[PDB]
Structure formats: structure tokens, C-alpha cells
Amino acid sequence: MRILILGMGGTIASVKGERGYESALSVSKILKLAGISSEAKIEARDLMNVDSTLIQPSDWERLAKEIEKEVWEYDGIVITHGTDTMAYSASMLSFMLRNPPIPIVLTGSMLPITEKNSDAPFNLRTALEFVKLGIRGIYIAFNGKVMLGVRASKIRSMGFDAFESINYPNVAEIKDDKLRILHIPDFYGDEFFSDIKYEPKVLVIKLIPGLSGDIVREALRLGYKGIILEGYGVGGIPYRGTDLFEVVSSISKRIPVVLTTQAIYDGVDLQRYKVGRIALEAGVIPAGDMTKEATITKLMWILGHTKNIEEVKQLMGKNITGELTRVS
């Protein structure tokens, strides 16, 4: 059982210096500060050590090339990462590494492994334990659950139960103290391959009452390649007392304008409301039931090779790697 563990940094590797926690520790250190004696062939490697909120798109490319070269070398990979953008990393890796031959699992903790009442060891233990199950794909393991990477979302900013599988079932869960596989995500084909590319300049804006289209017109001028509007619920772009809908109608013919929802659960459905149909007709691309992190990283990923609106729309609505549920 050859396991490779890559560190990216994160709360899990920090310590309360002068101005709050700051990522500090090596992967070998952390590794030992836990039940590393659960002897299986292991090996640590520090790719980086940053507070998660500093992670940028390039770091995902760096991490993906790394994994790519090693997918044949080990039986499974574990990545320690900061919780803040972990869902973004997991999602982007899922688009870049198609048909992974081995389980890749991202994990971290809410408190430094260097404290007590720390979730870090439990999380690492769950992550190692899952790779022994030989269930390939890209997942996140946290608080006793293993979730498909592109369906996971961080919904709590402080509690140990920080992640959730959104609109899709957990892959594994602790049952009577032992990981139990609840279901095996079967998207994965045979031939593995990397599709490492992306356009990072996209803008996410929350719709609020009275929002004008001015900020959308100007994002185009500033060079943004895609715009995601985080809407109210099931779907609709306001046109009452605002020029937002008028502005979206034409910007949507120049760069992809995606509509997702503020609500954590259920996704969007532009067929539900008449206001939603009108938006669909104006060129807006629905995000289905995808998590916010997979929507953002999938658009960046798609813009990595095309600027054609109809092709962006077709790819956004296609289930690439388990991120999206068959729409009616």
C-alpha cells in the first residue's frame, strides 16, 4: 500500500504566532503528530505551505502536474490543504484529471494538529483509511465523511462539521466506528488523462435588490472572460426598476454569463419561473445543481480552451465528472 501525501499548508499546519494562526509546519511533522504508526507505505512531500485563502489558480496547475506524474507511482494520494479554498482545489482537480486510476483525497482540519480537541488526526486517519478501499476519484474527507470532490461545499466557518455533500450523497461515512462505503461514484472511464488548462479571470457577483447592470458592463471592459451571477433561488434576473436584465441580454452574447443560486441546496431551474424563462431566452447559462465552487472552476476550466458562448453553454450543462445531476 503505497501512499503519497502532499502538503499545501493550511490551518492544519499552523500555529498561533503573533497575529493569529499562520501556516508553518511540514507534512512529516503533521504526519507524526497523528497515528502515523498505522504503518502502510507512506511518504510526505511539501508542494507549498500557504494559508489556504492565498491559494491561486496557478497552484492548482502546479498541484495537478505533480499528481499526474505520480498516479502510477502510488496506490492513493492524500493532500493536506487549507479548508477555505479546499472545495475549489478539489473541484478544479476533478476537471483537470479525468479518469484518475487511484483515490485522491484532500483533507485538513479546523484546528492546528498542534492543539488538543484537534480534528486533524481523525481527519487524516479517515483519509488514509479511505484510500485502502481502492475507490478511485477525487474526494474530500472531513469530520467522518468522505464526499465526492465536486459536490462538497464549505458551509460552516468554525465547526468541525464544516463540509457537506451538496445535492448528492456522501460516498463514505463512519458507521459503528469504521468507514463504510455508501456508494461508488461510477462516472470514471478507463483511460486516464489530464486536461490541465484554464482561464482564471471570471467575476462572481451576488444579485441583490436594485443591483444595476453597470458592474456587468464594466467587467467586460476590464477584461473579465466570464461572469457568474449568484441569484436568489430557482432563477431569474431582475428587469424591474433596473437595467440589469437589459445589460445582461447583450453582455451574454459577448462572454458567458452564468446564473447559479445563493441558496445552498437544490440548484437552479430556469423553467420554473416565467422570469427564469425570460433569462434563459436572453442568453443566460444555468448552472443546474452544481456547487458554487464547481461552477466557478468548471467555467474557468472551459474558458481554458474556448470563448464560444454556445460551446461554453453545452459544456457547462454536460456532466463531466459527477458535478451535475441529469436535468429533465
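When you see a residue number, it is the position in the sequence shown, counting from 1.
- Stretch comparison (220-228 versus 117-125) by mean CA B-factor in the PDB entry places 117-125 on top.
- Mean CA B-factor, 278-286 versus 50-58: the higher value falls on 50-58.
- Note on the listed residues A87, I184, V78, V248: the highest Cα temperature factor in the record is that of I184.
- Looking only at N319, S23, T306, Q314, the residue with the top Cα B factor in the deposited structure is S23.
- The PDB entry assigns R272 a C-alpha temperature factor belonging to the middle third of its chain's modelled residues.
- Among all modelled residues in this chain, the alpha-carbon of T291 has a temperature factor (C-alpha) in the lowest third.
- Per the deposited record, the Cα B-factor of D177 falls in the highest third when ranked against the other modelled residues of its chain.
- Ranked by C-alpha B-factor against the other modelled residues of its chain, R254 falls in the middle third.
- Sort the chain's modelled residues by C-alpha temperature factor and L299 lands in the lowest third, per the entry.
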